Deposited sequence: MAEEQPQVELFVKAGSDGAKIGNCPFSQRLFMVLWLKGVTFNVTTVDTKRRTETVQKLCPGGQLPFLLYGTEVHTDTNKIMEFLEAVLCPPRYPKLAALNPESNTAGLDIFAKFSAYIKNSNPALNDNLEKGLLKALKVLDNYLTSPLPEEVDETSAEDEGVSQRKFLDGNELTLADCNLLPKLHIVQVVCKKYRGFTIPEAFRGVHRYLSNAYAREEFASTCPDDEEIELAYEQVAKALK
């Protein structure tokens, strides 16, 4: 008998819609992939419900209610979920190859530096840094994993042809990178990074990812005071 599973996530600008938060998306995605029956409740952090205040006094977001147990810390929540929702009833989502768990994880810090910088003399250095991080990801994607034995992998995702926890982490981060770089830097992931573009097409084709993305407009609004014009 499945204990009740309810994920509390960041609300967006109207207090109700999906807010910008790659951690909330990461977990919505894990739960979707597990096949478990769950609920998702958005939280307006300036206008919290009484239930939320009692469930999670610390105020952290996302958090999970599992039966009457609360869990904070996205990574720990992810671990918990991978362990308790397990086969036979639910699929193991962990990657087979440990480097799937790290591939592309530096892109986000590179992106953050790029968009926060206002020193024009430093802008091309930061762009190059983000580009090199994307290219290390493009290389991981196009390199055949063991389970595949031209030399260009055609697997759909980071670890193989199925979505794993690893994609649930990276895909929400890459999404923000795309939307915010287009809007504030006029920067686009070069078409020549074909592994990265095949991955994203595959990902946007899957509802687990598409359906759990905040709107562009919300991501853009979230970065409005943080993205700096060069001066």
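K.L.:
From the N-terminus onward, what segments of the deposited sequence lack any C-alpha atom in this model?
P.N.:
Unmodelled stretches: 1-3, 153-159.
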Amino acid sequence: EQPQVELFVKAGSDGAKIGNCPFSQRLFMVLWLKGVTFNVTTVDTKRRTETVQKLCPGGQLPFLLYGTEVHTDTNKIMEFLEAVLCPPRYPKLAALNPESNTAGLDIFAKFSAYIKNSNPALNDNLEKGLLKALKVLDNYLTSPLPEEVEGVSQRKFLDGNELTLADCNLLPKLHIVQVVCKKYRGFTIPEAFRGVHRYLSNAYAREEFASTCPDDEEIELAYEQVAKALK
From here on, numbers count along this sequence of modelled residues.
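K.L.:
According to the deposited model, is the average Cα temperature factor higher in 197-205 or in 165-173?
P.N.:
Stretch with the greater average CA B-factor: 197-205.
K.L.:
Select between 26-34 and 181-189 the stretch whose C-alpha atoms have the higher average B-factor in the entry.
P.N.:
Result: 181-189.
K.L.:
Kindly indicate the residue among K128, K135, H71, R89 with the greatest C-alpha B-factor in the PDB record.
P.N.:
Out of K128, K135, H71, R89, the record gives the largest C-alpha B-factor to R89.
K.L.:
Ranked by Cα temperature factor within the chain, is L105 in the lowest third, the middle third or the highest third?
P.N.:
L105: CA B-factor falls in the highest third of its chain.
K.L.:
Ordered by C-alpha B-factor within the chain, which third holds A210? Give me lowest, middle or highest, please.
P.N.:
Lowest third of the chain for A210's C-alpha B-factor.
K.L.:
For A16, does the deposited CA B-factor place it in the lowest, middle or highest third of the chain?
P.N.:
Within its chain, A16 is a highest-third residue by C-alpha B-factor, going by the deposited values.
K.L.:
Test of reading the entry: by CA B factor among the chain's modelled residues, which third contains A83?
P.N.:
Within its chain, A83 is a lowest-third residue by C-alpha B-factor, going by the deposited values.
K.L.:
Going by the CA temperature factor in the PDB record, which third of the chain does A95 belong to: lowest, middle or highest?
P.N.:
Middle third, going by the recorded CA B-factors of the chain.
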